[PDB]
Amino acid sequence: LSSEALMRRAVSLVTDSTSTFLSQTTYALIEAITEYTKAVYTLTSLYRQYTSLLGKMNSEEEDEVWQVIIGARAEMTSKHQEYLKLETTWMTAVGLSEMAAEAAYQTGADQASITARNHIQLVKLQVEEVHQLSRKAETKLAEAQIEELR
């Protein structure tokens, strides 16, 4: 069959396109995570300040800070929903590039496969690193909320 080298050229176009698409969803996902983490930091600060006001106090400033907390929590939940919808797209992009690395290997393009496999591993590492910053921020928020219950 003569369509072997022609299959190698087409599967290289797939690895090239899926890698581009993976970069694009990744970079969008990492932005969404960082903005969500920044919102979590802000909400955390407001809790610790609110807590600091409990004790010899009236109702104006506590209600005002709490109203800010209500807005900040809307912002945190908004940002969480944006990250979730972008996470599906990124996972589809990951799936595509994984199937493309496989197709490259099955047709003998091999070198396109390894470069795709390296790209996927790099991208999961980049995303997991900002994700771990998100988990840390979430933990400190939980700590701030527990301290507030005084």
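Start at 1 and count along the sequence shown; that's the residue number.
5 to 13 set against 125 to 133, stretch whose average Cα temperature factor tops the other in the entry
So the stretch with the higher mean C-alpha B-factor is 5 to 13.
On average, are the C-alpha B-factors higher in 24 to 32 or in 41 to 49?
Comparing 24 to 32 with 41 to 49, the higher average CA B-factor belongs to 41 to 49.
Residue with highest C-alpha B-factor in the PDB entry, from 69, 116, 86, 57:
Within the set 69, 116, 86, 57, 57 shows the top C-alpha B-factor.
Third assignment of residue 143 from its chain's C-alpha B-factors
Ranked within chain, residue 143 CA B lands in the lowest tercile.
Rank-wise, by C-alpha B-factor, drop residue 93 into the lowest, middle or highest third of its chain.
Answer is middle: the recorded C-alpha B-factor places it there.
Pull the Cα B-factor of residue 100 out of the PDB entry and bin it into the chain's lowest, middle or highest third.
For residue 100, the deposited C-alpha B-factor lands in the middle third.
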